[PDB]
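**Student:** give the three-dimensional model of this entry:
(6 chains, ligands or ions: 1)
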Amino acid sequence: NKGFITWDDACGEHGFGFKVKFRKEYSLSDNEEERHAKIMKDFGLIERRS
Amino acid sequence: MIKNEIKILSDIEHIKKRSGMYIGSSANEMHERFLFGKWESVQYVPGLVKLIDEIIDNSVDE
Amino acid sequence: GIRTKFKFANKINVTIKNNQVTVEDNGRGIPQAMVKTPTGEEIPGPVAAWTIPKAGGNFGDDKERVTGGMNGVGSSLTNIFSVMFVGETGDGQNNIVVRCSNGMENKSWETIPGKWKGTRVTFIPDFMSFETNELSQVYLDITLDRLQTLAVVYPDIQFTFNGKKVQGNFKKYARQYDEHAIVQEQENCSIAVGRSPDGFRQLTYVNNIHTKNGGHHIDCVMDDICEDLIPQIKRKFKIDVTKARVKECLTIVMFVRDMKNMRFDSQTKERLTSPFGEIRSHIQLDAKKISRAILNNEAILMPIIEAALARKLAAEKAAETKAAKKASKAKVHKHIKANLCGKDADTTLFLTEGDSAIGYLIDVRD
Amino acid sequence: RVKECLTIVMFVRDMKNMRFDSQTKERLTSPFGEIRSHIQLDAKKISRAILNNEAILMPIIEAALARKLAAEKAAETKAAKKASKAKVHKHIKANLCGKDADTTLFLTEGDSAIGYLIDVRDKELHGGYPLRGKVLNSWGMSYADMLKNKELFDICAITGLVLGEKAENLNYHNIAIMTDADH
DNA sequence: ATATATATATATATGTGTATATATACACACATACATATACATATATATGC
DNA sequence: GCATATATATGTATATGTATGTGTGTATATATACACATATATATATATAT
Ligand SMILES: Nc1ncnc2c1ncn2[C@@H]1O[C@H](COP(=O)(O)OP(=O)(O)NP(=O)(O)O)[C@@H](O)[C@H]1O
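**Tutor:** Residues are numbered from 1 along each chain as shown, chains lettered A, B, ... in the order given. What follows is the structure:
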């Protein structure tokens, strides 16, 4: 509900399979390391634990 | 063309020609006034009330 | 501008910078002809207009006078409260310079052969009597908003502030107050109706005068508007909402042009105290069209309707009565009560956490 | 809003340098330092006296609460109320739900059955929602009284079925109903 | 021309079942973020300076 | 006619200080809404009748 992603399910024998169509008003970085840093910042796939 | 001639007046003629700044409202109008403690809609001329109140306030000042 | 029927004084430069006001217009000129004092001193035209008060060209007939000036003391009052005041006047054949200083205690008039046609008043205000020392930005903002409102009232006169042009249109000015304001323009009147959520708001102009404290005109216009709207809202939503309750939610920006025999209760001219027959005959505003246009709108009248039914529902929800020997004031479903509780006694309240641990209590207790 | 419900009677005596804007003297434009020095009115005890008074304060409270109802009633944006919540929290929304496919809804019983439903369903075609407990007497009932329960309404909400007309706009094409295998 | 005799479907309610949910304290020692503001660099521009 | 200079305004980027966690279960209690039927009860709606 911000006009950036539209998510759907693609699970199977493994769970957590989400197929996400990004929207045209969301910026895709051609800098792939900036893409990786921003997808880590927003989607939060890195969980840090002490 | 509007006639614009600079005329200079005395005290009495300038008061009688421009009475609005000197006795306030000189037209019959409707306001809401506390009379006898009641907020009632009255309609009157404030110039005559002010005309009495000048003498009244002069006597209270005395 | 009005006395030449907007051919002359059609550009007005009001430049306010460094505590100095320069107002320049291209009017026909303050006359060089001989005017006479009652004292017997023979004083020329612009210097008698700009030094001594009670002098001017608005002491003629009042029923045809459509100008905002009556008293003949105004520019002399500007000269009095200024430490420096120069008035340069050209009628097309001569330039009369009236220079005054030290709070008009020094005054001198002089004539140069020249070819200008207009008036330039350049004055620096005195700050000894006023409770200020400098002209701050709020004064320039008030003056610029006044020139904007005058350009809305008079689009033919090109007002400029500090060398910057001012465009005046009633539509953009009316949407500056509220973007859903209903407008209605006439040959002499121009009214916009909007919303007032935090009190009552108004702005009105008689000819070129900002009468911020009101007059008979806004009272007559709101009376004629409410005389059509109140039976209309009575047939529409069956609610008894008064004239003042409708009026206080409205912001009214009405403009009156070409008034005749305007009378004001003060020198500052903040309340138009002309007779109601004069204003009712002069103003040809169609109140029923404004009434149906704010009836058909859902963004002004319908908020008054929903706010009024909110007040009435809040009044209806507050219903209370008495009870016969109330138990422990606000009692609880699971709260068993001592019968001498609340009066002068040593009654004890019990606090447990189990409903099983009170079903034995009502027999074994006092 | 507080001070508009009061009639205030002021009597000021022996005032010094009473400056006025007009000849009528209707507005005292004397500076506030001189008047604040001259007026020795203790407004704190008047505030305490109207604090202790009740039939002035209760119109203030009622008009204030109605004012807050009018204040936070008319607010907010994105007023597009057709689905406040997309399906149900418990509902498994299919990826091809709402469009023309063989999109099948699962009406299981009990939320504790929600385990493994998502895992080996069809993600595009199969979808699910667990029901709760037992079902009302829906036979020959008025529409307004069956609409007031949430658990039967959401079925007619997650899918565009309306009680008064036929079914044309099915978000789920097939309806697979599975019940508990016992009695 | 409405007072009253009377009749009949509303409201628990019993127990059995079958299923939900919810407010809180606990505490690190970070995790993610929520803005957020804020100070400072530099650009342009325009109006002064010449 | 052209150098120029510095001023402030807005990007901007980081570094502050907070703010909200919920974590992840243990622990404490409580609430919820339905289907299964007769038995009263009650309360008020209509007839009539002078
Ligand atoms: N800047 C000006 N432009 C045009 N006319 C001017 C100007 N300054 C003075 N006058 C005229 O000089 C005369 C002096 O009158 P003045 O003292 O300005 O009073 P007024 O215009 O009647 N204002 P007021 O006294 O408040 O009602 C009048 O005829 C004015 O119209």
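
**Student:** what are the ranges of the helices in the chain?
**Tutor:** You didn't say which chain, so I picked chain A. Applying DSSP state H to chain A gives helices spanning A:32-42.

**Student:** actually, chain D is the one I wanted.
**Tutor:** Secondary structure of chain D (DSSP H): helices at D:32-38, D:43-52, D:57-73, D:143-146, D:150-153, D:155-158.

**Student:** which of those sits most buried?
**Tutor:** Mean neighbour count (mean count of other C-beta atoms under 10 Å in any protein chain shown) peaks for helix D:155-158 among the helices of chain D, with a mean of 16. To be clear about C-beta, it is placed using only N, CA and C from the backbone, and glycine gets the same treatment.

**Student:** picking that back up, to chain C, which of the helices of chain D lies closest?
**Tutor:** Chain C lies closest to helix D:57-73 among these, at 3.8 Å (C-beta to the nearest C-beta).

**Student:** related to what we said a few turns ago, can you list the helices of chain D in TSV and add distance to chain A?
**Tutor:** Formatted as TSV, these follow (distance: least, C-beta to the nearest C-beta, whole Å):
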stretch	distance to chain A
helix D:32-38	51
helix D:43-52	47
helix D:57-73	22
helix D:143-146	31
helix D:150-153	23
helix D:155-158	16
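
**Student:** if you go through chain D in chain order, where are the strands?
**Tutor:** D:104-109, D:126-131, D:174-177 (DSSP state E).

**Student:** and the ones you listed: which comes nearest residue C:164?
**Tutor:** Ranking those by proximity to residue C:164 (C-beta to C-beta) places strand D:126-131 first, at 64.5 Å.

**Student:** next, find the distance separating whichever residue of chain B sits closest to chain A from residue C:219.
**Tutor:** Per C-beta to the nearest C-beta, residue B:32 is where chain B lies closest to chain A, at 53.0 Å. As defined by C-beta to C-beta, to the nearest Å, residue B:32 lies at a distance of 11 Å from residue C:219.

**Student:** who has more neighbours, the two?
**Tutor:** residue C:219 (16 against 8; other C-beta atoms under 10 Å in any protein chain shown).

**Student:** torsion angles phi and psi at that one?
**Tutor:** Main-chain dihedrals, residue C:219, degrees, to the nearest 10: phi -70, psi -40.

**Student:** and the residue nearest to it when sequence neighbours are not counted, how many neighbours?
**Tutor:** Distances taken as C-beta to C-beta, 6 or more residues apart in numbering or on different chains put residue B:30 closest to residue C:219, at 7.5 Å, once the chain neighbours are dropped. By other C-beta under 10 Å, 13 other residues sit near residue B:30.

**Student:** got the residues of chain B near chain C?
**Tutor:** Proximity of chain B to chain C, by C-beta under 8 Å from any C-beta of the partner chain, involves residues B:1-10, B:14, B:17-18, B:20-21, B:24-30.

**Student:** my read is residue C:266 is in a strand, agree?
**Tutor:** No. Applying DSSP: H, G, I helix; E, B strand; the rest coil, one finds residue C:266 to be coil, outside a strand.
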